[PDB]
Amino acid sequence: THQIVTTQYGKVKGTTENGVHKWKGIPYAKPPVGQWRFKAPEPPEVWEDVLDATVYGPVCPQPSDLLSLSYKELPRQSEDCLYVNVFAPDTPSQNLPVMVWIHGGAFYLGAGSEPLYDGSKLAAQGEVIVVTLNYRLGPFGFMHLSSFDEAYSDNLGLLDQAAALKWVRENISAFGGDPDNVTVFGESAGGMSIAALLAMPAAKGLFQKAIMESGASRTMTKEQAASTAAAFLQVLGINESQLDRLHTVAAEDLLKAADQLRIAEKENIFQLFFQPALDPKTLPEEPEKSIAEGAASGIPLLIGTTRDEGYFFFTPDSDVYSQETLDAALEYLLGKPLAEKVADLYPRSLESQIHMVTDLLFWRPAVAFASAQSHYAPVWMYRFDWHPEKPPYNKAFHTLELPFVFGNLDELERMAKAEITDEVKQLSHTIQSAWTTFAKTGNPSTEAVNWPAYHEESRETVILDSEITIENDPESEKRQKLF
C-alpha cells in the first residue's frame, strides 16, 4: 500500500487520501525546451531512483487570464510542463475503466492540474481511474512552422496529447487500469482536440470511447497556418535564415510576440490565431470530414453543448464587432453562399454576436459531428440548460457544466456565485453517473436517465437540468437553416 508504481521510464511513488490513490507530476515526455521547442514530443530520459509523484508539474506558459481565476495561488509556469496525474479509487478490483481528461482554454490557456479538474471525486464515485495532463499551448503548441522546416512539427499540442494517451496505454495497467477501455473526454479546446485526435492517424487505437463537451471540429487551413507563422516570425525579427533564435529566445518573449500578433492581426473569437491546422503529417483533413468517412468507426461518442454558450464570451458592456468583421466571420464559418442566406439570422448587435458564438462555434459543429458519427458508432447527445435563475449568471454558459462533471461543486462559487443546493448536487450526481457509466459501457443510461441513441432520423437529445427531459430534433428551424 505504499503506492510505488513502475512506469516504462522509472518508478513513481504516490499517496492515498480519502480512499483515492493519487500520483501527480509524472513525466510523459522530454521537456520541450530549447532545441526541442517546435519539435514532436520525445520520451523522457529514464530514471532509476524513485520519483516523488506528490506534487503537480509546472503548467505551460500563458497570459494569466485563466490562472488568476482558477487558482487561489498562481502555479509555476514553464515549457517544462508535460506531465500526467493519476487518480484511482482504493479498490481491490483491477482493470478499471480509464477516463483521460483534455482541458479547454481556447488553445492558449489552462492546465490539467487546475483545481476544477481534481479527479478524486469522479474516481471514487464512478469507480474509474481519472487521468489529467498538460499539453503545449499558444505559440508553444499551436504555432505551425512545418512550412519553414520539415524538421518542425505542426499541431504540437495535439501530438503532446497523443503522447500522453500512448503513455496511458503503455502504463495505466500498472496503476490498476484497463488500457483497452480508455475514454477520452474534454471541454472547449479539449473537445475540439478530441475531434482532431479522432481523425489523426498517429492516434489510432489510443482510446475506445469519447466525450466531447462544447467543442467539435475546429481547424485553420494549411495556408492560414503558414501565413500566421510568417507573421509571427516577423514580430520576432526572425527570417528564413535565422531560425536559430527560435530555440534560444526566452519563452516569455514568445508570449509577448503572440499577444502583439493577436493585436496586430486583430484576432476575434471567430478565428483564433492559435488552433489546430490541416497538415498532411499530423492532421490530414477536417475532423468532421474524416469522421463522415468512418475514420472513427466503432467508437461510441457522448457529445453536447450548453444552451447559452456565447454568454461566457461577452458581457452586456462588450464592444460590438463591425459589420465588416461580422460578415468576414459568417463567411469564414459558413462560406459565401450560406453566409448570405443566414445573414438574416444575425443582424448586427450584441445579441447576434453572442448567438453567432453559440450557434456557429459550438452548436452547429456539434450537430454536424454527432450526425456524421451516427453512421459508424453509437452517438448520445445532450444540451445543458441549467443556470441560476436570478441575474447576472442566469444563462447556461460555456464552462458551466464542468463543476457538475467533476463533482467539484465549490467551483460554482467563482463561476456563477451559485450555492450548492440539493438541486445542484442532484444534477451533478446524474451527470457524473452518466459519464462514468458511459466510460464503462458505451451507453450513458442510468436510473436517472434512459438516454436515447442519436441518429439523423429523429435526433433525440437529452436535456440536462434540475429536471431531466428529452427533446426530439431540438431547434429544427435553425438546424434546417444552418444545414
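Start at 1 with the first residue shown and count on from there.
Mean CA B-factor, 28-36 versus 432-440: the higher value falls on 28-36. Comparing 416-424 with 454-462, the stretch with the higher mean C-alpha B-factor in the PDB entry is 416-424.
Across the options 157, 75, 112, 126, the residue with the most elevated CA B-factor in the record is 75. Ranking 268, 219, 183, 306 by the C-alpha B-factor listed in the PDB entry places 268 at the top. When all modelled residues of the chain are sorted by CA temperature factor, residue 276 is found within the lowest third. In this PDB entry, the Cα temperature factor of residue 187 sits in the bottom third of its chain's modelled residues, the lowest group.
When the modelled residues of the chain are ordered by their C-alpha B factor, residue 390 lands in the highest third. Ranked against the other modelled residues of its chain, the C-alpha B-factor of residue 139 as given in the entry falls in the middle third.
Among the modelled residues of the chain, residue 166 sits in the lowest third by CA temperature factor in this PDB entry.
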